[PDB]
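*Asks:* The following block contains the structure, expressed as structure tokens.
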Amino acid sequence: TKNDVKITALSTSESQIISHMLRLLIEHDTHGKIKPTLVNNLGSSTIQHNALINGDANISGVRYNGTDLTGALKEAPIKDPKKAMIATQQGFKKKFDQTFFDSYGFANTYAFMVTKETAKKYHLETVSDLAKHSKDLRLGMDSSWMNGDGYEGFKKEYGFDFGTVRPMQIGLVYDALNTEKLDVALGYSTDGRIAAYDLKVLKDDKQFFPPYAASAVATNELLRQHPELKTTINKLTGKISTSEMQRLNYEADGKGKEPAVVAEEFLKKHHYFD
């Protein structure tokens, strides 16, 4: 139709890519009648949430369900993917009059990861596959993770521990793995370096971590004013696998492209999902 759309974005390339993708897709579907702008460089999803609640914006480009379920919704974590998403969507509707969309198709979670040579050597697919070997392996993790859903809880849940642990900056675990300073890293599952270095992300077979499925959020006030936008936003539902988000992040962080350029190239490649 024609009116006022503002999309919150974090300072992460991931948020900026998907926020620009929504901006461009809305421009496309509305033939320039709606030209959204970004409320960019926000520090956290608390800041994103507060913007929507305060009327400072009406779309969040990307929100993660496990974050918003225990954060904004103030609820207990749910481990099962389907029931966690249902609880998140019901909560956003009833507490905040917002639609938390079905997922883009990726999750951005802490995940254990190894190089391709290490995954081959030890036949690794799941976190449990590490059990026999972990005593001889070097683990790198974010320093904030040393401390009930950190390393102690993981050791209790999974039933094994590592020969060496190295608490460090999460941003540096990918290169430390690539350079063989680590054998295993607890990294973020969509980091572009997973694509750049062909790293193998292991399945959390015991669901030690809750889901962090990524979705758009829009206020229902906006969706009531412009019903067409719900159809627009839903065009992206399921269209970005975890592997694809890794690739897109690589385009921005490894190849140095603007998130707006990465978003547009992706949209053109898929004919704007028309």
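Numbers and lists here come from the model and the stated rules, or from a named source; no laboratory instrument gave them. Cβ sites come from the backbone with ideal geometry, for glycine too, and all protein chains shown count toward neighbours.
*Asks:* Residues 73, 38: which one is touching a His at 6+ places or on another chain (Cβ under 9 Å) and over 20 Å from residue 190 (Cα atoms)?
*Replies:* 38
*Asks:* Scanning segment 22-37 for residues that are in a loop (DSSP other than H, G, I, E, B) and either among the polar types (S, T, N, Q) or touching a helix residue (DSSP H, G or I) at 6+ places or on another chain (Cβ under 8 Å) (or both), which turns out nearest to residue 63 (Cα to Cα)?
*Replies:* 36
*Asks:* Also, quick follow-up: So which of 132, 82, 121, 94 is more than 27 Å from residue 233 (Cβ to Cβ) and assigned to a helix (DSSP H, G or I)?
*Replies:* Going through 132, 82, 121, 94 in turn, the sole match is 121.
*Asks:* Taking segment 43-62 on its own, how many of its residues are buried (at least 22 other Cβ atoms within 10 Å of the Cβ) and either assigned to a strand (DSSP E or B) or of a type in the set (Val, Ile, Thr) (or both)?
*Replies:* Residues that pass the stated criteria total 4.
*Asks:* If you don't mind, another one. Note down all Cβ pairs under 9 Å where the first residue falls in segment 254-274 and is assigned by CATH to the domain that holds residue 9 and among the hydroxyl-bearing types (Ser, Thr, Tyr), the second is surrounded by 10 or more Cβ atoms within 10 Å (Cβ to Cβ) and part of a helix (DSSP H, G or I), and they're at least six residues apart or on different chains.
*Replies:* Listed by first residue and then by second, the contacts come to 272/24; 272/25; 272/28; 272/29.
*Asks:* Let me ask another. Please give the helices (runs of 4 or more DSSP H) falling wholly within segment 135-250 in which 2 or more residues are surrounded by 20 or more Cβ atoms within 10 Å (Cβ to Cβ) and outside the structural domain of residue 89 (by CATH).
*Replies:* 173-178, 192-196
*Asks:* Now for a different question. Could you pull out the residue among 67, 99, 109 that is touching a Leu at 6+ places or on another chain (Cβ under 7 Å), within 30 Å of residue 247 (Cα to Cα) and among the hydroxyl-bearing types (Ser, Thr, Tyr)?
*Replies:* Of the residues listed, the single one that is touching a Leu at 6+ places or on another chain (Cβ under 7 Å), within 30 Å of residue 247 (Cα to Cα) and among the hydroxyl-bearing types (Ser, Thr, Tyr) is 99.
*Asks:* Tally up the residues in segment 127-186 that are in contact with an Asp or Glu (Cβ under 6 Å, 6 or more places away or on another chain) and basic (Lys, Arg), please.
*Replies:* Residues in segment 127-186 being in contact with an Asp or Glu (Cβ under 6 Å, 6 or more places away or on another chain) and basic (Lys, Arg): 2 in total.
*Asks:* Quick check on my filter: what residues within segment 1-16 are closer than 10 Å to residue 259 by Cβ and either touching a strand residue (DSSP E or B) at 6+ places or on another chain (Cβ under 8 Å) or in a loop (DSSP other than H, G, I, E, B) (or both)?
*Replies:* Passing the criteria: 9, 12, 14, 15, 16.
*Asks:* Considering only segment 1-40, how many residues are buried (at least 20 other Cβ atoms within 10 Å of the Cβ) and under 17 Å from residue 239 (Cα atoms)?
*Replies:* So the count comes out to 12.
*Asks:* Can you name the residue in segment 192-207 that is in contact with a strand residue (DSSP E or B) (Cβ under 9 Å, 6 or more places away or on another chain) and of a type outside the set (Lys, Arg) and is also farthest from residue 73 (Cα to Cα) among such residues?
*Replies:* For segment 192-207, the residue satisfying everything is 199.
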